[PDB]
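Here is the structure we will look at.
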Amino acid sequence: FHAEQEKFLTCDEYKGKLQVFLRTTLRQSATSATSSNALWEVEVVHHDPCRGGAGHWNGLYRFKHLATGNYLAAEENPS
Amino acid sequence: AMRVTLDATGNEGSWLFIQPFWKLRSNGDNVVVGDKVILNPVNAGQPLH
Ligand SMILES: O=P(O)(O)O[C@@H]1[C@H](O)[C@H](O)[C@@H](OP(=O)(O)O)[C@H](OP(=O)(O)O)[C@H]1O
């Protein structure tokens, strides 16, 4: 949840591809705008693939879209 | 606007609420050094500009 804009990070298909965006809502309570497409699973990086456990501030994390299964990442901007 | 000055003795006009300028800060949270805040006079009601 991005507080400054009071928006949830959501991934959904627009034309033919999945894109990550912040969804605008008309609800008075921004936190009440809950959607299934805005659900992410937190993965803690561990040398053991099958090991999870509690995270640390100095650790590494991955974010996986629960609905689609893809992973959050960054790529080159066309502009 | 309303006048802002310095008074040796002071009065009720020196009362200033320290309000969070960032949405990530909420009332009752401890103020962290280096943060940006709003100084709102209690009686005047208009933040320092
Ligand atoms: O106030 P009402 O008449 O109940 O209407 C609700 C709300 O005002 C929005 O229309 C919508 O929120 P979004 O803008 O986030 O779609 C929400 O849908 P939801 O049930 O899908 O949250 C509605 O239920």
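Every chain in the structure tokens has a letter given in the order shown (A, B, ...), and although residue numbers restart at 1 in each chain, ligands are simply numbered from 1 in the order shown.
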
Write out as a tab-separated table the residues of chain A that have any atom within 8 Å of an atom of ligand 1, one row each with the nearest atom pair and its distance in Å to one decimal, counting only C-alpha atoms and all ligand atoms, sorted by chain and then rising number.
residue	atom	partner	partner_atom_place_in_ligand_line	distance
A:24	CA	ligand 1	14 (O)	7.3
A:25	CA	ligand 1	14 (O)	4.2
A:26	CA	ligand 1	14 (O)	4.4
A:27	CA	ligand 1	8 (O)	5.4
A:32	CA	ligand 1	22 (O)	7.5
A:33	CA	ligand 1	15 (O)	5.0
A:34	CA	ligand 1	22 (O)	6.8
A:35	CA	ligand 1	21 (O)	7.5

**Prompt:** Could you write out as a ChimeraX atom specification the residues of chain B within 9 Å of chain A, counting only C-alpha atoms?
**Reply:** /B:22-24

Can those selected residues be exported to a file as a compact mmCIF listing (two decimals), in the first residue's frame so that it contains C-alpha atoms?
# COMPACT_ATOMS: atom_id res chain seq x y z
CA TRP B 22 4.32 12.51 5.29
CA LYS B 23 1.41 10.09 5.04
CA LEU B 24 3.66 7.37 6.51

**Message:** At a cut-off of 7 Å, using only C-alpha atoms, what residues contact residue 23 of chain A? Leave out same-chain residues fewer than 4 positions from it and give the result as a list in words.
**Reply:** residues 7, 8, 9 and 10 of chain A

Print the selection's residues with N, CA, C and O atoms to a file, as a PDB file, in the first residue's frame.
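Printed below is out.pdb as written:
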ATOM      1  N   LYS A   7      -2.909   4.002  -2.381  1.00  0.00           N
ATOM      2  CA  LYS A   7      -3.262   3.070  -3.444  1.00  0.00           C
ATOM      3  C   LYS A   7      -2.563   1.733  -3.245  1.00  0.00           C
ATOM      4  O   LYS A   7      -1.427   1.670  -2.776  1.00  0.00           O
ATOM      5  N   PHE A   8      -3.243   0.660  -3.638  1.00  0.00           N
ATOM      6  CA  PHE A   8      -2.682  -0.681  -3.553  1.00  0.00           C
ATOM      7  C   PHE A   8      -1.971  -1.044  -4.850  1.00  0.00           C
ATOM      8  O   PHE A   8      -2.435  -0.708  -5.943  1.00  0.00           O
ATOM      9  N   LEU A   9      -0.840  -1.735  -4.720  1.00  0.00           N
ATOM     10  CA  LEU A   9      -0.100  -2.214  -5.881  1.00  0.00           C
ATOM     11  C   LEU A   9      -0.807  -3.436  -6.452  1.00  0.00           C
ATOM     12  O   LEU A   9      -0.967  -4.448  -5.761  1.00  0.00           O
ATOM     13  N   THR A  10      -1.227  -3.344  -7.712  1.00  0.00           N
ATOM     14  CA  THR A  10      -2.022  -4.380  -8.353  1.00  0.00           C
ATOM     15  C   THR A  10      -1.404  -4.753  -9.691  1.00  0.00           C
ATOM     16  O   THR A  10      -0.863  -3.897 -10.397  1.00  0.00           O
TER      17      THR A  10
END

**Request:** With a distance cut-off of 12 Å and only C-alpha atoms, select the neighbouring residues of segment 29-46 of chain B, excluding the residue or stretch itself and same-chain residues fewer than 5 positions from it, and output the selection as a PyMOL selection string.
**Result:** chain B and resi 1-4+11-24

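Put simply, atom CA of residue 36 of chain A is 8.2 Å away from atom CA of residue 66 of chain A.
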
**Request:** Extract, using only C-alpha atoms, all DNA, RNA and protein residues at most 12 Å from segment 41-47 of chain A, discarding same-chain residues fewer than 3 positions from it, and format them as a PyMOL selection string.
**Result:** chain A and resi 36-38+50-72

Any chance you could export the current selection's C-alpha atoms as a PDB file, in the first residue's frame?
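As a result, selection37.pdb now contains:
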ATOM      1  CA  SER A  36      -7.509 -10.405  -5.188  1.00  0.00           C
ATOM      2  CA  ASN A  37      -5.223  -9.067  -7.939  1.00  0.00           C
ATOM      3  CA  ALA A  38      -3.404  -6.949  -5.314  1.00  0.00           C
ATOM      4  CA  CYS A  50      12.974 -25.320   0.558  1.00  0.00           C
ATOM      5  CA  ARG A  51      13.774 -23.094   3.564  1.00  0.00           C
ATOM      6  CA  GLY A  52      11.686 -20.058   4.461  1.00  0.00           C
ATOM      7  CA  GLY A  53      11.589 -18.561   7.940  1.00  0.00           C
ATOM      8  CA  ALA A  54      11.347 -15.030   9.241  1.00  0.00           C
ATOM      9  CA  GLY A  55      12.879 -12.209   7.231  1.00  0.00           C
ATOM     10  CA  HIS A  56      15.535  -9.641   8.087  1.00  0.00           C
ATOM     11  CA  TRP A  57      16.052  -6.014   7.116  1.00  0.00           C
ATOM     12  CA  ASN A  58      19.430  -6.870   5.559  1.00  0.00           C
ATOM     13  CA  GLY A  59      18.041  -9.893   3.701  1.00  0.00           C
ATOM     14  CA  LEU A  60      16.789 -10.298   0.149  1.00  0.00           C
ATOM     15  CA  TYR A  61      13.141 -10.675  -0.849  1.00  0.00           C
ATOM     16  CA  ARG A  62      11.070 -11.623  -3.880  1.00  0.00           C
ATOM     17  CA  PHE A  63       7.432 -10.749  -4.557  1.00  0.00           C
ATOM     18  CA  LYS A  64       5.159 -13.184  -6.399  1.00  0.00           C
ATOM     19  CA  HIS A  65       1.708 -12.346  -7.742  1.00  0.00           C
ATOM     20  CA  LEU A  66      -0.668 -14.849  -6.156  1.00  0.00           C
ATOM     21  CA  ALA A  67      -3.280 -14.691  -8.922  1.00  0.00           C
ATOM     22  CA  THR A  68      -0.907 -14.981 -11.899  1.00  0.00           C
ATOM     23  CA  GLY A  69       2.237 -16.476 -10.345  1.00  0.00           C
ATOM     24  CA  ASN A  70       4.652 -14.066 -12.026  1.00  0.00           C
ATOM     25  CA  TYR A  71       7.379 -12.223 -10.122  1.00  0.00           C
ATOM     26  CA  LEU A  72       7.816  -8.493  -9.599  1.00  0.00           C
TER      27      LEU A  72
END

**Item:** Test item, strand (DSSP E) assignment across chain B, answer as number ranges by chain
**Value:** B: 16-20, 37-41

**Asked** How many Å lie between atom CA of residue 6 of chain B and atom CA of residue 48 of chain B, rounded to one decimal?
**Response** 13.7 Å

**Asked** Which value, in Å to one decimal, gives the distance between atom CA of residue 15 of chain A and atom CA of residue 31 of chain A?
**Response**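 Atom CA of residue 15 of chain A sits 27.2 Å away from atom CA of residue 31 of chain A.
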
**Request:** Pick out each residue of chain A that DSSP on the backbone tags as helix (DSSP H, G or I); I need them as a PyMOL selection string.
**Result:** chain A and resi 30-32+36-38

Go ahead and write the residues just picked, C-alpha atoms, as a compact mmCIF listing (two decimals), in the first residue's frame.
# COMPACT_ATOMS: atom_id res chain seq x y z
CA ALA A 30 -8.54 3.63 0.74
CA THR A 31 -7.49 0.63 2.84
CA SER A 32 -10.98 -0.86 2.35
CA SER A 36 -7.51 -10.40 -5.19
CA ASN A 37 -5.22 -9.07 -7.94
CA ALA A 38 -3.40 -6.95 -5.31
